[PDB]
file structure-v7.cif (mmCIF, C-alpha atoms)
data_work
loop_
_atom_site.group_PDB
_atom_site.id
_atom_site.type_symbol
_atom_site.label_atom_id
_atom_site.label_comp_id
_atom_site.auth_asym_id
_atom_site.auth_seq_id
_atom_site.Cartn_x
_atom_site.Cartn_y
_atom_site.Cartn_z
ATOM 1 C CA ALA V 1 0.000 0.000 0.000
ATOM 2 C CA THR V 2 1.075 3.549 -0.719
ATOM 3 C CA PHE V 3 0.672 6.291 1.858
ATOM 4 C CA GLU V 4 1.241 9.894 0.777
ATOM 5 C CA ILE V 5 2.184 11.864 3.905
ATOM 6 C CA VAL V 6 1.600 15.610 3.393
ATOM 7 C CA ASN V 7 2.576 18.431 5.719
ATOM 8 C CA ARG V 8 0.105 21.352 5.319
ATOM 9 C CA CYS V 9 1.295 22.868 8.647
ATOM 10 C CA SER V 10 3.078 26.229 8.563
ATOM 11 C CA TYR V 11 5.857 24.555 10.617
ATOM 12 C CA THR V 12 8.234 21.660 9.806
ATOM 13 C CA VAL V 13 7.294 18.206 11.115
ATOM 14 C CA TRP V 14 9.269 14.975 11.155
ATOM 15 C CA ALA V 15 6.902 12.255 9.950
ATOM 16 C CA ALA V 16 7.200 8.809 11.512
ATOM 17 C CA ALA V 17 5.877 5.389 10.449
ATOM 18 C CA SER V 18 6.218 2.198 12.533
ATOM 19 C CA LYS V 19 4.493 -1.030 13.529
ATOM 20 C CA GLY V 20 6.147 -0.884 16.963
ATOM 21 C CA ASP V 21 8.890 -3.489 16.491
ATOM 22 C CA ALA V 22 9.984 -2.222 13.040
ATOM 23 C CA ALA V 23 10.046 0.798 10.760
ATOM 24 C CA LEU V 24 7.541 1.096 7.956
ATOM 25 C CA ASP V 25 9.436 2.112 4.792
ATOM 26 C CA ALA V 26 12.334 4.364 5.999
ATOM 27 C CA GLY V 27 10.561 4.967 9.360
ATOM 28 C CA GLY V 28 10.855 8.769 9.341
ATOM 29 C CA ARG V 29 11.674 11.902 7.356
ATOM 30 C CA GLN V 30 11.688 15.676 7.640
ATOM 31 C CA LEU V 31 8.685 17.365 5.973
ATOM 32 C CA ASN V 32 8.983 21.108 5.589
ATOM 33 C CA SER V 33 5.755 23.101 5.190
ATOM 34 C CA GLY V 34 4.000 21.888 2.029
ATOM 35 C CA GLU V 35 6.195 18.817 1.447
ATOM 36 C CA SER V 36 4.867 15.367 0.531
ATOM 37 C CA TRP V 37 6.533 12.027 1.258
ATOM 38 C CA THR V 38 5.296 8.819 -0.369
ATOM 39 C CA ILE V 39 5.948 5.585 1.513
ATOM 40 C CA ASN V 40 5.324 1.945 0.781
ATOM 41 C CA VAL V 41 3.766 -0.134 3.550
ATOM 42 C CA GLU V 42 3.910 -3.915 3.175
ATOM 43 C CA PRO V 43 0.497 -5.561 2.562
ATOM 44 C CA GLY V 44 -0.774 -7.343 5.692
ATOM 45 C CA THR V 45 0.803 -4.792 8.077
ATOM 46 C CA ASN V 46 -1.089 -5.152 11.360
ATOM 47 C CA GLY V 47 -1.004 -2.325 13.926
ATOM 48 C CA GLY V 48 0.829 0.260 11.819
ATOM 49 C CA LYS V 49 0.925 3.905 12.944
ATOM 50 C CA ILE V 50 1.895 7.225 11.334
ATOM 51 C CA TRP V 51 2.439 10.404 13.368
ATOM 52 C CA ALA V 52 4.113 13.810 13.302
ATOM 53 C CA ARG V 53 7.019 14.793 15.507
ATOM 54 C CA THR V 54 7.662 18.450 16.397
ATOM 55 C CA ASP V 55 10.790 20.483 17.262
ATOM 56 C CA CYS V 56 13.369 17.877 16.354
ATOM 57 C CA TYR V 57 17.173 18.161 16.302
ATOM 58 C CA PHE V 58 19.127 15.414 14.491
ATOM 59 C CA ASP V 59 22.854 15.092 13.864
ATOM 60 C CA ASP V 60 24.449 13.780 10.631
ATOM 61 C CA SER V 61 23.886 10.127 11.720
ATOM 62 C CA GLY V 62 20.107 10.622 12.263
ATOM 63 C CA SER V 63 20.358 10.667 16.065
ATOM 64 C CA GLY V 64 18.811 13.334 18.263
ATOM 65 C CA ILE V 65 15.622 14.423 20.044
ATOM 66 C CA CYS V 66 12.033 15.602 19.341
ATOM 67 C CA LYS V 67 9.754 17.518 21.736
ATOM 68 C CA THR V 68 6.735 15.424 20.742
ATOM 69 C CA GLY V 69 6.637 11.915 19.337
ATOM 70 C CA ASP V 70 10.329 11.025 19.885
ATOM 71 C CA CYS V 71 11.073 7.382 18.967
ATOM 72 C CA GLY V 72 14.218 6.643 21.016
ATOM 73 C CA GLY V 73 16.054 9.606 19.477
ATOM 74 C CA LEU V 74 16.061 8.281 15.891
ATOM 75 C CA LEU V 75 15.175 10.115 12.689
ATOM 76 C CA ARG V 76 14.180 6.772 11.189
ATOM 77 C CA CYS V 77 11.667 5.345 13.699
ATOM 78 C CA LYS V 78 11.695 1.622 14.511
ATOM 79 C CA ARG V 79 9.479 1.982 17.614
ATOM 80 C CA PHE V 80 6.380 3.996 18.582
ATOM 81 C CA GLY V 81 6.681 7.634 19.642
ATOM 82 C CA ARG V 82 6.593 9.313 23.019
ATOM 83 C CA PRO V 83 3.178 10.909 23.814
ATOM 84 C CA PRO V 84 1.589 13.269 23.083
ATOM 85 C CA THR V 85 1.049 12.037 19.500
ATOM 86 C CA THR V 86 -2.056 12.224 17.315
ATOM 87 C CA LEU V 87 -2.117 8.761 15.668
ATOM 88 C CA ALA V 88 -3.116 7.551 12.200
ATOM 89 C CA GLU V 89 -3.647 3.798 12.817
ATOM 90 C CA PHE V 90 -4.094 1.004 10.297
ATOM 91 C CA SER V 91 -4.224 -2.727 9.813
ATOM 92 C CA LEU V 92 -4.099 -3.781 6.170
ATOM 93 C CA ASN V 93 -5.394 -6.875 4.333
ATOM 94 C CA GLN V 94 -7.112 -8.332 7.389
ATOM 95 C CA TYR V 95 -9.349 -11.052 5.951
ATOM 96 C CA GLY V 96 -9.856 -9.055 2.723
ATOM 97 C CA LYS V 97 -10.316 -5.583 4.245
ATOM 98 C CA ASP V 98 -8.279 -2.627 5.513
ATOM 99 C CA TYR V 99 -9.108 -0.924 8.833
ATOM 100 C CA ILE V 100 -8.206 2.711 9.536
ATOM 101 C CA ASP V 101 -8.720 5.147 12.406
ATOM 102 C CA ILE V 102 -7.409 8.239 14.153
ATOM 103 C CA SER V 103 -6.655 7.941 17.867
ATOM 104 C CA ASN V 104 -6.186 10.445 20.705
ATOM 105 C CA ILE V 105 -5.498 7.586 23.203
ATOM 106 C CA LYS V 106 -1.828 8.670 23.287
ATOM 107 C CA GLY V 107 -2.749 12.372 23.290
ATOM 108 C CA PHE V 108 -2.662 14.990 20.546
ATOM 109 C CA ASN V 109 0.120 17.094 19.053
ATOM 110 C CA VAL V 110 -0.689 17.930 15.411
ATOM 111 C CA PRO V 111 -4.105 17.991 13.643
ATOM 112 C CA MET V 112 -4.485 15.285 10.960
ATOM 113 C CA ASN V 113 -6.743 13.957 8.205
ATOM 114 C CA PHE V 114 -6.429 10.267 7.244
ATOM 115 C CA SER V 115 -8.259 9.482 3.991
ATOM 116 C CA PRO V 116 -8.208 6.804 1.273
ATOM 117 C CA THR V 117 -6.948 7.944 -2.160
ATOM 118 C CA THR V 118 -8.748 4.985 -3.788
ATOM 119 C CA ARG V 119 -12.481 4.117 -3.981
ATOM 120 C CA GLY V 120 -14.889 2.479 -1.544
ATOM 121 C CA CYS V 121 -14.700 4.189 1.875
ATOM 122 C CA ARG V 122 -14.482 7.522 3.700
ATOM 123 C CA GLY V 123 -11.729 9.309 5.601
ATOM 124 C CA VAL V 124 -11.536 10.489 9.213
ATOM 125 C CA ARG V 125 -10.250 13.773 10.616
ATOM 126 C CA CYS V 126 -9.207 15.313 13.910
ATOM 127 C CA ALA V 127 -8.489 18.964 13.097
ATOM 128 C CA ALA V 128 -9.734 20.899 16.165
ATOM 129 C CA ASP V 129 -7.421 23.116 18.260
ATOM 130 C CA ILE V 130 -6.905 20.457 20.929
ATOM 131 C CA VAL V 131 -3.531 21.927 22.016
ATOM 132 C CA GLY V 132 -5.044 25.428 22.481
ATOM 133 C CA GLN V 133 -8.051 24.075 24.390
ATOM 134 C CA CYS V 134 -6.152 21.409 26.410
ATOM 135 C CA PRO V 135 -7.178 21.053 30.110
ATOM 136 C CA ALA V 136 -4.513 22.533 32.405
ATOM 137 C CA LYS V 137 -3.628 19.138 33.957
ATOM 138 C CA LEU V 138 -3.109 17.527 30.510
ATOM 139 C CA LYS V 139 -0.969 20.277 28.927
ATOM 140 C CA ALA V 140 2.467 18.882 28.125
ATOM 141 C CA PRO V 141 5.074 21.497 29.125
ATOM 142 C CA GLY V 142 7.149 20.151 26.192
ATOM 143 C CA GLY V 143 4.208 20.862 23.809
ATOM 144 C CA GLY V 144 0.911 19.096 22.978
ATOM 145 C CA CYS V 145 -1.993 17.682 25.003
ATOM 146 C CA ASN V 146 -1.365 14.421 26.920
ATOM 147 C CA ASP V 147 -3.962 11.715 27.394
ATOM 148 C CA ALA V 148 -5.030 11.038 30.999
ATOM 149 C CA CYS V 149 -3.349 7.594 31.138
ATOM 150 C CA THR V 150 0.046 9.169 30.343
ATOM 151 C CA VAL V 151 -0.455 11.813 33.054
ATOM 152 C CA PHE V 152 -2.112 9.885 35.906
ATOM 153 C CA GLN V 153 -1.304 6.170 35.369
ATOM 154 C CA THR V 154 -4.595 4.813 36.823
ATOM 155 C CA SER V 155 -6.438 1.595 35.986
ATOM 156 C CA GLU V 156 -9.436 3.715 34.928
ATOM 157 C CA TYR V 157 -7.559 5.914 32.404
ATOM 158 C CA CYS V 158 -5.290 3.157 31.090
ATOM 159 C CA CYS V 159 -8.091 0.529 30.923
ATOM 160 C CA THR V 160 -5.716 -1.914 32.626
ATOM 161 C CA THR V 161 -8.468 -4.365 33.632
ATOM 162 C CA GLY V 162 -10.388 -4.001 30.339
ATOM 163 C CA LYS V 163 -13.391 -2.519 32.256
ATOM 164 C CA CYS V 164 -13.001 1.302 31.988
ATOM 165 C CA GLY V 165 -15.534 3.979 31.036
ATOM 166 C CA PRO V 166 -15.419 7.519 29.602
ATOM 167 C CA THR V 167 -13.943 10.218 31.852
ATOM 168 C CA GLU V 168 -13.893 14.030 32.081
ATOM 169 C CA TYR V 169 -10.575 13.842 30.220
ATOM 170 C CA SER V 170 -11.655 11.426 27.463
ATOM 171 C CA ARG V 171 -14.814 13.515 26.906
ATOM 172 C CA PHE V 172 -12.597 16.560 26.235
ATOM 173 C CA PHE V 173 -10.885 14.789 23.296
ATOM 174 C CA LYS V 174 -14.208 13.314 22.144
ATOM 175 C CA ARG V 175 -16.044 16.639 22.145
ATOM 176 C CA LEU V 176 -13.354 18.291 20.004
ATOM 177 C CA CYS V 177 -12.791 15.221 17.788
ATOM 178 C CA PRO V 178 -15.824 12.885 17.661
ATOM 179 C CA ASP V 179 -14.302 10.760 14.878
ATOM 180 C CA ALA V 180 -11.159 9.779 16.835
ATOM 181 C CA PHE V 181 -10.748 7.257 19.679
ATOM 182 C CA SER V 182 -10.724 9.110 23.024
ATOM 183 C CA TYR V 183 -10.070 6.139 25.357
ATOM 184 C CA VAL V 184 -9.320 2.406 24.927
ATOM 185 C CA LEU V 185 -12.971 1.235 25.057
ATOM 186 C CA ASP V 186 -14.481 4.151 23.105
ATOM 187 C CA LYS V 187 -17.319 3.300 20.695
ATOM 188 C CA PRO V 188 -15.210 2.388 17.631
ATOM 189 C CA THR V 189 -14.670 5.002 14.911
ATOM 190 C CA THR V 190 -12.727 2.545 12.733
ATOM 191 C CA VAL V 191 -13.442 2.751 8.993
ATOM 192 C CA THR V 192 -13.504 -0.443 6.872
ATOM 193 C CA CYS V 193 -11.877 0.055 3.456
ATOM 194 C CA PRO V 194 -11.399 -2.364 0.539
ATOM 195 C CA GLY V 195 -8.322 -4.556 1.048
ATOM 196 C CA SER V 196 -5.195 -2.998 -0.535
ATOM 197 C CA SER V 197 -6.507 0.593 -0.555
ATOM 198 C CA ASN V 198 -4.045 3.517 -0.759
ATOM 199 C CA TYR V 199 -4.079 6.490 1.624
ATOM 200 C CA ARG V 200 -3.066 10.069 2.348
ATOM 201 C CA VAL V 201 -2.229 11.346 5.830
ATOM 202 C CA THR V 202 -2.393 15.158 5.869
ATOM 203 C CA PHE V 203 -1.029 17.150 8.822
ATOM 204 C CA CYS V 204 -2.900 20.460 9.495
ATOM 205 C CA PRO V 205 -5.643 19.643 6.925
ATOM 206 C CA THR V 206 -7.558 22.899 7.577
#
call {"tool": "encode", "arguments": {"input": "structure-v7.cif", "output": "structure tokens"}}
result
Amino acid sequence: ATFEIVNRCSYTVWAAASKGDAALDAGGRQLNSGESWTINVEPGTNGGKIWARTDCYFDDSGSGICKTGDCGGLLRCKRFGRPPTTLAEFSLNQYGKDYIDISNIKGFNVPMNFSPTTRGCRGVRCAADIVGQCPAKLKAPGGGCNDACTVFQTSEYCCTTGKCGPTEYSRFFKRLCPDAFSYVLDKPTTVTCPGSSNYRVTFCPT
């Protein structure tokens, strides 16, 4: 599958793509304002994620740090990023279908649209000013809006037992972005697409 990753933000982002124990394609790249990066994701990829990283500093070997979404200090991500990260999530060619969603379960840093570029399904978007509106206790001093599990580490926020409900904090994300997951057991907002669809992830879509 092809993913076109497009930065419409006025600021540079460092895109990242991983399935948690491996990079997808090159794993990461700088995207200046307006730039597009096309990656190839292996068919059958289960639990893939794409995100933006902000305020990164890398040396000549691709080692450094990002203020949001850092993946063990690498330009080319092999692992998932440090919250807060708005997440484009996908599992491809799962019994003949693709499954896509946006998640705020690991917080929010950059607004994003995640849409198919091929026929047969719809896209999802979380484009509200979640950082600007972020509850005081969730504001990441490094930048972005943390999820409550990251901040408070409770069974209720982290859904440790598999029995959690919505919270004041999850309802904040849900109110601003109804089409993204706000907590682990949220009513699913997953879109079913034809197997082997292609996609575009757009940062700052509005």
call {"tool": "resolve_selection", "arguments": {"input": "structure-v7.cif", "expression": "the PyMOL selection byres ((chain V and resi 139) around 12)", "output": "JSON, numbers by chain"}}
result
{"V": [83, 84, 107, 108, 109, 130, 131, 132, 133, 134, 135, 136, 137, 138, 140, 141, 142, 143, 144, 145, 146, 147, 148, 150, 151, 169]}
call {"tool": "closest_residue", "arguments": {"input": "structure-v7.cif", "among": "V:2, V:32, V:192, V:197", "to": "residue V:52", "atoms": "all atoms listed in the file"}}
result
V:32
call {"tool": "atom_distance", "arguments": {"input": "structure-v7.cif", "atom1": "atom CA of residue V:90", "atom2": "atom CA of residue V:42"}}
result
11.8 Å
call {"tool": "residues_around", "arguments": {"input": "structure-v7.cif", "residues": "residue V:122", "least_positions_apart": "3", "cutoff": "9 Å", "atoms": "all atoms listed in the file", "output": "VMD selection string"}}
result
chain V and resid 115 to 116 119 191 to 193
call {"tool": "atom_distance", "arguments": {"input": "structure-v7.cif", "atom1": "atom CA of residue V:43", "atom2": "atom CA of residue V:80"}}
result
19.6 Å
call {"tool": "atom_distance", "arguments": {"input": "structure-v7.cif", "atom1": "atom CA of residue V:111", "atom2": "atom CA of residue V:86"}}
result
7.1 Å
call {"tool": "closest_residue", "arguments": {"input": "structure-v7.cif", "among": "V:190, V:202, V:18, V:36", "to": "residue V:97", "atoms": "all atoms listed in the file"}}
result
V:190
call {"tool": "residues_around", "arguments": {"input": "structure-v7.cif", "residues": "residue V:33", "least_positions_apart": "4", "cutoff": "7 Å", "atoms": "all atoms listed in the file", "output": "PyMOL selection string"}}
result
chain V and resi 7-12
call {"tool": "resolve_selection", "arguments": {"input": "structure-v7.cif", "expression": "the PyMOL selection byres ((chain V and resi 26) around 12)", "output": "VMD selection string"}}
result
chain V and resid 15 to 18 22 to 25 27 to 30 37 to 41 62 74 to 78
call {"tool": "residues_around", "arguments": {"input": "structure-v7.cif", "residues": "residue V:20", "least_positions_apart": "6", "cutoff": "12 Å", "atoms": "only C-alpha atoms", "output": "list in words"}}
result
residues 27, 45, 46, 47, 48, 49, 50, 71, 72, 77, 78, 79, 80, 81, 82 and 89 of chain V
call {"tool": "closest_residue", "arguments": {"input": "structure-v7.cif", "among": "V:158, V:164, V:176, V:1", "to": "residue V:126", "atoms": "only C-alpha atoms"}}
result
V:176
call {"tool": "closest_residue", "arguments": {"input": "structure-v7.cif", "among": "V:185, V:66, V:177, V:102", "to": "residue V:129", "atoms": "all atoms listed in the file"}}
result
V:177
call {"tool": "resolve_selection", "arguments": {"input": "structure-v7.cif", "expression": "the PyMOL selection byres ((chain V and resi 94) around 9)", "output": "list in words"}}
result
residues 44, 45, 46, 91, 92, 93, 95, 96, 97, 98, 99 and 195 of chain V
call {"tool": "closest_residue", "arguments": {"input": "structure-v7.cif", "among": "V:55, V:165, V:199, V:21", "to": "residue V:121", "atoms": "all atoms listed in the file"}}
result
V:199
call {"tool": "closest_residue", "arguments": {"input": "structure-v7.cif", "among": "V:63, V:189, V:155, V:166", "to": "residue V:125", "atoms": "only C-alpha atoms"}}
result
V:189
call {"tool": "build_atoms", "arguments": {"input": "structure-v7.cif", "residues": "stretch 111-124 of chain V", "atoms": "N, CA and C atoms", "output": "mmCIF file, keeping the file's coordinate frame"}}
result
data_model
loop_
_atom_site.group_PDB
_atom_site.id
_atom_site.type_symbol
_atom_site.label_atom_id
_atom_site.label_comp_id
_atom_site.auth_asym_id
_atom_site.auth_seq_id
_atom_site.Cartn_x
_atom_site.Cartn_y
_atom_site.Cartn_z
ATOM 1 N N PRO V 111 -2.844 18.395 14.280
ATOM 2 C CA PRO V 111 -4.105 17.991 13.643
ATOM 3 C C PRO V 111 -3.838 17.132 12.403
ATOM 4 N N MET V 112 -4.717 16.174 12.113
ATOM 5 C CA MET V 112 -4.485 15.285 10.960
ATOM 6 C C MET V 112 -5.766 14.780 10.317
ATOM 7 N N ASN V 113 -5.707 14.622 8.997
ATOM 8 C CA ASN V 113 -6.743 13.957 8.205
ATOM 9 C C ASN V 113 -6.122 12.661 7.683
ATOM 10 N N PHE V 114 -6.888 11.575 7.727
ATOM 11 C CA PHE V 114 -6.429 10.267 7.244
ATOM 12 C C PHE V 114 -7.520 9.759 6.308
ATOM 13 N N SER V 115 -7.240 9.784 5.000
ATOM 14 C CA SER V 115 -8.259 9.482 3.991
ATOM 15 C C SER V 115 -7.728 8.493 2.954
ATOM 16 N N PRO V 116 -8.615 7.624 2.419
ATOM 17 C CA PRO V 116 -8.208 6.804 1.273
ATOM 18 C C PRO V 116 -8.009 7.691 0.035
ATOM 19 N N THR V 117 -7.108 7.288 -0.855
ATOM 20 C CA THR V 117 -6.948 7.944 -2.160
ATOM 21 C C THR V 117 -7.552 7.092 -3.276
ATOM 22 N N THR V 118 -8.093 5.938 -2.887
ATOM 23 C CA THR V 118 -8.748 4.985 -3.788
ATOM 24 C C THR V 118 -10.213 4.815 -3.360
ATOM 25 N N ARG V 119 -11.026 4.161 -4.187
ATOM 26 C CA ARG V 119 -12.481 4.117 -3.981
ATOM 27 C C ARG V 119 -12.952 3.218 -2.822
ATOM 28 N N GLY V 120 -14.167 3.469 -2.342
ATOM 29 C CA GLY V 120 -14.889 2.479 -1.544
ATOM 30 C C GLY V 120 -15.063 2.711 -0.055
ATOM 31 N N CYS V 121 -14.523 3.817 0.460
ATOM 32 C CA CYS V 121 -14.700 4.189 1.875
ATOM 33 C C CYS V 121 -14.450 5.683 2.086
ATOM 34 N N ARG V 122 -14.596 6.122 3.327
ATOM 35 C CA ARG V 122 -14.482 7.522 3.700
ATOM 36 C C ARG V 122 -13.217 7.714 4.523
ATOM 37 N N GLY V 123 -12.816 8.970 4.694
ATOM 38 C CA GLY V 123 -11.729 9.309 5.601
ATOM 39 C C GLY V 123 -12.209 9.730 6.980
ATOM 40 N N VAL V 124 -11.252 9.940 7.877
ATOM 41 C CA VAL V 124 -11.536 10.489 9.213
ATOM 42 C C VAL V 124 -10.596 11.667 9.475
#
